[PDB]
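# Observations on the model geometry
Each chain, written out:
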Amino acid sequence: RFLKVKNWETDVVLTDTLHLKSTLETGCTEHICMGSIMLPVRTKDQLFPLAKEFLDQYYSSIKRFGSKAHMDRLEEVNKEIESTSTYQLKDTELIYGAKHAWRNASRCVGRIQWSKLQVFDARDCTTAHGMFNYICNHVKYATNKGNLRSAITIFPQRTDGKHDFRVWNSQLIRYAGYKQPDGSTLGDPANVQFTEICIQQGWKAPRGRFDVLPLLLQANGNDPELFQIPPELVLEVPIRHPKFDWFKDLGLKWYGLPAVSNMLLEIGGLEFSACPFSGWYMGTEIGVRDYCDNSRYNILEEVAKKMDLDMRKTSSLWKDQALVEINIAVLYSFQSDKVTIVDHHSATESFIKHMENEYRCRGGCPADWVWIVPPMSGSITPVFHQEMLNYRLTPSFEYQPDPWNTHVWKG
Amino acid sequence: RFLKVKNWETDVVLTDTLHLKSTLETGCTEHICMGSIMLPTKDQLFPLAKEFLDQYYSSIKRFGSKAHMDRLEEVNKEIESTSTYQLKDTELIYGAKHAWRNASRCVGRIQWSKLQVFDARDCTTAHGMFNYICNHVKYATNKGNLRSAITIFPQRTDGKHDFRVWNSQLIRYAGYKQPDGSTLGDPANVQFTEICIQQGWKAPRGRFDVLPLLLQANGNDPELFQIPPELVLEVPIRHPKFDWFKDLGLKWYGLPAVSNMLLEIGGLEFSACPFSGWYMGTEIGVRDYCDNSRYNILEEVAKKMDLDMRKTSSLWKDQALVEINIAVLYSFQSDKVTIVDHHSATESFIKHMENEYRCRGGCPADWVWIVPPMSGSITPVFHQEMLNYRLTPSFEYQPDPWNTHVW
Ligand code: HEM
Ligand code: HEM
Ligand SMILES: Nc1ccc2ccc(CCNCCc3cccc(Cl)c3)cc2n1
Ligand SMILES: Nc1ccc2ccc(CCNCCc3cccc(Cl)c3)cc2n1
Ligand SMILES: C[C@H](O)[C@H](O)[C@H]1CNc2nc(N)[nH]c(=O)c2N1
Ligand SMILES: C[C@H](O)[C@H](O)[C@H]1CNc2nc(N)[nH]c(=O)c2N1
Ligand SMILES: [Zn+2]
């Protein structure tokens, strides 16, 4: 079956056949759409089919489908599953899998870049200090003095569910949050719970507004250990505005490297529970969400105050005015310090070209509209006007429960 | 089967049970989500009638009363011999209010229970329809103090005697293709404008020409009528600080009055049911003015503001967008014409969702449409999970009549 999507600004119609290869479920039914819901041990039984599908995809990608090398690989993986109950991926297959998990990431607007991904194989890692060393190298490589490069580091796969590698941080680099006795928060409110765990585990909190959190690292199912990323490795950008000189006096800064570290990478039925990956920021991530969400730094009032806007009526659009200024400031600061960043016009335009190319060469591009449309100026970006189909392909990145909810403490 | 929706800004969690009463399908399957697709007999009619009357009699606390059973009997008799049936006024009014209540794409539903319903089922000719429509326009406009209303023409019979308003809204501006190849006026209406012109309309060929009405009674050929200009309330657009803004020559009309939808109540189809409320500012300032395939004025405005249009990263489009929108709101307010900003409307919608969850067990909501086309994450609806599903009575889209009509 063929499925058409229309852009209502250009009248370009595209045809999706890729959705046929989808297996995993959406959450939706014929009677309910769950499209806006944030989150809607394997045995050899389920394993060999998942391995086979993956290797068929990999061998097709290299124009060796049905070859002797393809068939010998299937046989070898199959032996390995029944005798050991799991299997190991070749390097080439790991690289292919990690790239494809990105290619298949329907909430990611930056996928035009999917084929340029530096894969660091850390499957020989055994200890938390070993993990720290791998993460450091990743941060240094990805940072590249401001000229950001996409990278993923892949720790050993899950075995019995009891020896998991996990990075406890949600991102490699994030600012601490501290709930104060009077109920105000110092720093980033999103990271209060995590901050609390760090303190308990023995971190000495500097207790300021922008303290870089320590890494909390779990190797091989053991209790996690704390490490401080060398400050010299953490690139940061002070935020100033091109026209407003008081902007600097707000005391704002952000880090340059967005590095998600809490997702699970699934490849051929194997589960890589620690697979931190990084790219570079779209400006609205910081300016709209991190700074202006009510649940985050929440700077809108204090910025509009200093611009002396009319704040007595929401219909003056004082919030919308302050919002644009803060986002100009974020983009200006990053560009001036030569740290890679993309604005939301440029990123969405690239995405639309990526998506058209993908329908052409691949037969589809799964896309989650709710997430692809940027959180400001939605309809003046081309994605707002693009119909999109959302479905789940493997390899994939998946959410997993926060490790502190599940970890069995060894003491 | 009992579903949770969470607000991620406030942590409030609501449980939805109302979805279990859904009949119609979504377009989605367990394998594919179609949330962003814009458009995704006697034997049949009695279950539809029963389901409707059941919810009606339940709403007036008379489920399982003699009067309930009698009506089911009476409508059932009427279907058997006439192959259709007629709604009592009270059922009709309930049905229309509930179609709005169930409109999952409408952010303005906190108002659903204050809807003035005009029964035009006695209408027979296009002149008749023109009269009812002018009366609707004058009533709703209320000199700028807008009131919600719907006018309901006779229901579909054998489908060869359909009542239709060919216009997409009662009040819209003309669109003309130029010798240049550019477009004068509103590009969205270019085709309907040619239909009017080929029908007889002498077009003024300007930027902001109110279209005539093209009205179809009883499957006959549609006829043209100008709405008395005095009944069309328009607002010249100025900025509260940019003097030069008025020089742009922008204006918009006060009454948003959608006229091409189909109202389904209890299996009965009302193919002409024009309805109106009032505008949220972004519909005009973000979509009508700034869409690339609409009036598309961002470039002219940014220029007058002397913004650096060299790089997208100066956010010049975003800056111009905010000012256009402050101006739309300012103009309507200064002229005392009802308008709501997107911060106010979305705050209202959250309050409405909570009311519906409490009183009704849920609220169908389409996040893709409810989140405003600017400043999304700074409105509370952005952070609100929503379940989308289809309840009846409903408003539905239907084919443009010119692809259907037999001349
Ligand atoms: C190279 C520059 C990149 C840009 C500009 C970019 C842009 C984005 C943005 C703006 C989001 C939404 C983030 C949010 O609202 O929380 C996102 C989501 C995502 N991207 Fe990227 N991306 C990039 C690279 C990557 C890489 C390297 C990967 C992994 C290999 C990745 C995988 C994802 C995933 C899995 C999500 C969804 C996360 C979730 O559901 O919470 N992207 N992307
Ligand atoms: C009272 C003020 C009202 C406000 C502020 C309002 C707000 C809105 C807005 C902003 C939209 C999105 C429109 C678009 O982007 O094209 C919408 C959609 C809609 N509203 Fe309303 N609404 C109001 C009254 C009404 C009334 C009186 C009805 C019917 C009785 C109605 C039924 C609908 C329907 C059916 C849609 C979706 C139409 C479609 O799918 O194309 N609304 N509403
Ligand atoms: N610039 C980039 C690049 C890659 C990214 C990859 C992933 C992400 C999103 C990670 N944040 C999780 C947000 C979230 C998801 C679900 C629930 C909650 Cl509370 C919060 C952002 C990215 N930004
Ligand atoms: N302020 C209001 C009140 C009620 C409304 C009721 C409906 C509408 C939308 C009417 N236009 C339909 C837009 C559309 C939908 C699907 C396809 C296409 Cl081409 C165009 C706007 C409203 N605005
Ligand atoms: C409830 C809603 O699904 C949720 O707020 C989503 C909306 N769209 C988003 N889009 C992106 N990119 N990131 C987000 O965190 C969200 N949040
Ligand atoms: C493709 C996408 O579904 C389409 O552009 C939608 C998005 N959200 C919308 N939201 C509203 N309120 N009105 C619209 O016309 C649209 N268009
Ligand atoms: Zn869906």
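Residues numbered from 1 in each chain as written, not as in the entry; some residues may be left out. Chains lettered and ligands numbered in written order. Heavy atoms only, no water.

## A look at the overall build of chain B
Applicable threshold: The numbering of helices and of strands both runs from the N terminus, where a helix is a DSSP run of H or I of at least 4 residues and a strand a run of E of at least 2. Three labels apply to residues, based on accessible area from a 1.4 Å probe with only protein chains included: buried if under 20% of the type maximum, exposed if over 50%, partly exposed otherwise in between. We get accessible surface area from the Shrake-Rupley algorithm with a probe of 1.4 Å; when it comes to residues, only the shown protein chains can shield them.
The helix and strand tally for chain B stands at 10 helices and 18 strands. Each principal axis of the C-alpha atoms in chain B carries an extent, and together these give about 70 × 60 × 45 Å. Burial analysis of chain B (407 residues in total) assigns 55% to the buried set. Only carbon and sulfur atoms are counted for the fraction: they give 51% of the accessible area of chain B, which is about 18,000 Å².

## Description of the overall build of chain A
How we decide: Residues counted as positive are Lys and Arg, residues counted as negative are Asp and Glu, and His and the chain ends are not counted. The atom standing in for a charge is NZ when the residue is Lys, CZ when it is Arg, CG when it is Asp and CD when it is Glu.
Scanning chain A from N- to C-terminus turns up 11 helices and 18 strands. In terms of its C-alpha atoms, chain A occupies a principal-axis envelope of roughly 70 × 60 × 45 Å. Here chain A, with 411 residues, has 55% of them falling under the buried criterion. Within the structure as shown, chain A displays about 18,200 Å² of accessible surface, and the carbon and sulfur contribution to it stands at 50%. Here chain A contributes 47 positively and 49 negatively charged side chains, and the mean placements of these two sets differ by 2 Å.

## Considering the sheet that holds strand 3 (residues 116-119) of chain B
All names here are of chain B. Using the following cut-off: A pair of strands is labelled paired if DSSP reports no fewer than 2 bridges between them. Any two residues whose heavy atoms approach within 4.5 Å at even a single point are treated as in contact. Inter-axis angles, ranging from 0 to 180 degrees, are taken between N-to-C directions of lines fitted to C-alpha atoms, where helices are fitted over the stretch in contact.
Taken in spatial order, the 4 strands make up an open sheet running 3-4-15-12, and their pairing is mixed. Whereas interior strands pair on both sides, the edge strands pair on one side only; in this sheet they are strand 3 and strand 12 (257-258). Sheet topology places strand 3 next to strand 4 (residues 149-152); 4 bridges connect them, and they run parallel. By the bridge assignment, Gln 116 is partnered in strand 4 with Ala 149. Against the sheet, helix 3 (residues 89-101) touches strand 3 and strand 4, its axis set at about 130° to strand 3.

## A closer look at the packing of helix 1 (residues 44-61) of chain A against helix 2 (residues 68-84) of chain A
Residue and element names in this part refer to chain A. Selection criterion: Each angle receives one of four descriptions, namely roughly parallel if under 35 degrees, roughly antiparallel if over 145, roughly perpendicular if within 65 to 115, and oblique otherwise. Crossings are assigned a handedness: left-handed for a near helix turned anticlockwise from the far helix by less than a right angle, right-handed for a clockwise turn.
In the contact formed by helix 1 and helix 2, the axes pass within 10 Å of each other and the chain directions differ by 160°. By the criterion of interaxial angle, the relationship of helix 1 to helix 2 is roughly antiparallel. Along this stretch, helix 1 crosses helix 2, giving a crossing that reads as right-handed. Together, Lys 44, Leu 47, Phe 48, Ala 51, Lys 52, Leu 55, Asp 56 and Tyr 59 of helix 1 and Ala 69, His 70, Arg 73, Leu 74, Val 77, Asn 78, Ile 81 and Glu 82 of helix 2 make up the contact between the two elements.

## Regarding the site of ligand 5
To be explicit about the condition: Note on terminology: near, applied to a residue and a molecule or strand, indicates that one of the residue's heavy atoms is within 4 Å of it. Two N or O atoms count as a polar contact when they lie within 3.5 Å, although within protein this holds only if one can serve as hydrogen donor and the other as acceptor, and sequence-adjacent residues are included solely when both atoms are side-chain atoms. Ten residues, namely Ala, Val, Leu, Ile, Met, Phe, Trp, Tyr, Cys and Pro, are considered nonpolar, four, namely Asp, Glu, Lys and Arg, are considered charged, and the remaining ones, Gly among them, are considered polar.
In the vicinity of ligand 5, the contacting residues are A:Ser36, A:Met38, A:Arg289, A:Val370, A:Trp371, B:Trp367, B:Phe382, B:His383, B:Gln384 and B:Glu385. Ligand 5 sits at the junction of chains A and B, each of which supplies nearby residues. A distance of 3.1 Å separates a nitrogen atom of ligand 5 from a polar backbone atom of A:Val370. Here ligand 5 has 400 Å² of accessible area as a free molecule, and 86% of this is covered by the chains. Considering only residue class, the shell around ligand 5 consists of 5 nonpolar, 3 polar and 2 charged.

## Quick notes on the sheet that holds strand 14 (residues 270-272) of chain A
As a general point, the strands of a sheet are linked pairwise by backbone hydrogen bonds and lie either parallel or antiparallel. All names here are of chain A. Spatially, 14-13-18 is the arrangement adopted by the 3 strands of the open sheet, whose pairing is antiparallel. The open sheet has two free edges, formed respectively by strand 14 and strand 18 (396-398), since each of these has just one partner strand. When strand polarity is set aside, the average angle formed by the axes of neighbouring strands in this sheet is 30°. In terms of strand pairing, strand 13 (residues 264-267) meets strand 18 through 3 bridges, oriented antiparallel. The partner of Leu 265 across the bridge, within strand 18, is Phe 397. Packed on one face of the sheet, helix 3 (residues 91-103) meets strand 13, strand 14 and strand 18 and runs near 120° to strand 13.

## A short note on the site of ligand 2
Residues and elements named next belong to chain B. Note the following rule: Domain extents, as shown, originate in an automatic or database domain assignment.
In the region of ligand 2, 18 residues are neighbours, and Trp 100, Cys 106, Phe 275, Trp 278 and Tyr 397 sit closest. Within the side chain of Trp 100, an N or O atom sits 3.2 Å from a nitrogen atom of ligand 2. Taking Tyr 397, its side chain carries an N or O atom lying 2.3 Å from an oxygen atom of ligand 2. Here the shell around ligand 2 is built from residues that sort into 12 nonpolar, 4 polar and 2 charged. Per-domain counts for the shell around ligand 2 show at least three residues from each of domain 1 (16-121 + 148-158 + 262-276 + 346-370) and domain 3 (234-256 + 279-344).

## Observations concerning the domain arrangement of chain A
All names here are of chain A. Heads up, the rule is: A simple way to read buried area is as the amount of 1.4 Å-probe accessible surface that goes missing from two parts once joined, with both sides added. Only one rule defines a salt bridge in this text: a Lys or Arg side-chain nitrogen within 4 Å of an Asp or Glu carboxyl oxygen.
In terms of domain boundaries, chain A breaks down into domain 1 (16-123 + 150-160 + 264-278 + 348-372), domain 2 (124-149 + 164-235 + 399-403) and domain 3 (236-258 + 281-346). For the pair domain 1 and domain 3, the two sides together bury roughly 410 Å², of which 45% comes from carbon and sulfur. Inspection of the region where domain 1 meets domain 3 yields 0 salt bridges. Counting across the interface, domain 1 meets domain 3 through 5 residue pairs in polar contact. Counting residues per element, the ones that place at least two in the side of domain 1 that touches domain 3 are strand 15 (277-278) and helix 9 (344-362). The leading source of residues in the side of domain 1 that touches domain 3 is helix 9, at 3 residues. Of the residues that constitute the side of domain 1 that touches domain 3, the class distribution is 2 nonpolar, 3 polar and 1 charged.

## A short note on a nonpolar patch on the surface
For the record, the criterion: For patches, a residue must show more than 30% relative accessible area and have no salt bridge; joins then use 9 Å for like charges and 5 Å for nonpolar side chains, namely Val, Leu, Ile, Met, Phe, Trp and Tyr.
On the surface, a nonpolar cluster with roughly 420 Å² of combined accessible area is contributed by A:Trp8, B:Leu39, B:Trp369 and B:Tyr397. Along the polypeptide, B:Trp369 turns up in helix 10 (residues 367-370). Given a relative accessible area of 40%, B:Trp369 falls into the partly exposed group.

## A closer look at the domain arrangement of chain B
Residue and element names in this part refer to chain B. One can read the domain layout of chain B as domain 1 (16-121 + 148-158 + 262-276 + 346-370), domain 2 (122-147 + 162-233 + 397-401) and domain 3 (234-256 + 279-344). Taken over C-alpha atoms, the centre of domain 1 sits 27 Å from the centre of domain 2. Facing 22 residues of domain 1, the contacting portion of domain 2 comprises 17 residues. In total, domain 1 and domain 2 occlude about 1,500 Å² of area from one another, counting both sides; carbon and sulfur atoms represent 60% of this. The tally of links from domain 1 across to domain 2 stands at 1 salt bridge. Across the salt bridge formed by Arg 156 and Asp 162, the nearest N and O atoms sit 3.2 Å from each other. Remark: the boundary between domain 1 and domain 2 carries 10 residue pairs in polar contact. In the side of domain 1 that touches domain 2, the residues fall into 13 nonpolar, 5 polar and 4 charged.

## Brief notes about the interface of chain B and chain A
At the interface, 63 residues of chain B touch 62 residues of chain A. Across the chain B/chain A interface, buried area totals approximately 5,200 Å², and carbon plus sulfur atoms make up 61% of it. At the boundary of chain B and chain A, one finds 0 salt bridges. For the pair chain B and chain A, the interface holds 32 residue pairs in polar contact. Looking at the side of chain B that touches chain A, the elements that each hand over two or more residues are strand 1 (3-6), helix 6 (281-290), helix 8 (316-334), helix 9 (342-360) and helix 10 of chain B.

## Looking at the nonpolar core
Condition: Here, the term nonpolar core denotes a set of buried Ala, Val, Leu, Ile, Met, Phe, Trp, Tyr and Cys residues that are joined through side-chain atoms within 4.5 Å.
In terms of nonpolar packing, the biggest core is built from 124 residues, with A:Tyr291 and B:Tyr289 touching the most fellow members. Not counting chain neighbours up to four residues away, the residues in contact with B:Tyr289 comprise B:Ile237, B:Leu250, B:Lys251, B:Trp252, B:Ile284, B:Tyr295, B:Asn296, B:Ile297, B:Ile324 and B:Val328.

## Description of the coordination of the iron atom of ligand 1
The cut-off we apply is this: Any nitrogen, oxygen or sulfur atom within 2.8 Å of a metal ion counts as a donor, with the limit raised to 3.2 Å for Na, K and Ca, and since water is left out, coordination shells can look unfinished.
Within the protein, just one atom coordinates the iron atom of ligand 1: A:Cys108 (SG), at a distance of 2.5 Å. With respect to the helices and strands, the residue A:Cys108 is situated in the loop between helix 3 and strand 3 (118-121).

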